[PDB]
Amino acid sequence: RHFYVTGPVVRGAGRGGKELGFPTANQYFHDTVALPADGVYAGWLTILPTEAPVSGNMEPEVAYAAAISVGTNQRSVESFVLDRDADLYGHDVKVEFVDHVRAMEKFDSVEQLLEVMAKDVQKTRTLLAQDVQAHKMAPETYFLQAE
């Protein structure tokens, strides 16, 4: 299908995310793990098969639409799962990269950063819908809202 990485969702600085309305599931990787260049990507986040209870509105083995930010400190992957809310900490998750949204950019203010994040989300919805429409998949296996 798509390029992907897996690993546990871990603690970041725990500020600048949830309290601004854009919580992101942090994963970290040694830079010898293949990843795309720093930037924002449209993709799917799946909680891998597990006996662990998940708290909130995501179930294991379902691909949730995500806006994924890749950074370099060693490498980081930070996924905002669209229109969902669950405690992902400690869960083993797969992040699939579908399409490129934009290169890394710098921002004037917190407010400008949030404006761009909202644009990244809207572009993520459209790119994923275009990838759902071609390459047809079963309704039960993915989650994506148009609005």
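Counting begins at 1, following the sequence as shown.
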request  = With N73 and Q74 adjacent in the shown sequence, let me know how many deposited residues between them lack coordinates: none, 1 to 3, 4 to 9, or 10 or more.
outcome  = 4 to 9
note = Higher avg CA temperature factor (4-12 vs 136-144, as deposited) belongs to 136-144
key: 63-71 set against 103-111, stretch whose average Cα temperature factor tops the other in the entry   = 103-111
ask   = In terms of the chain's CA B-factor thirds, is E51 lowest, middle or highest?
value = highest
query = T124: which third of its chain by C-alpha temperature factor?
reply = middle
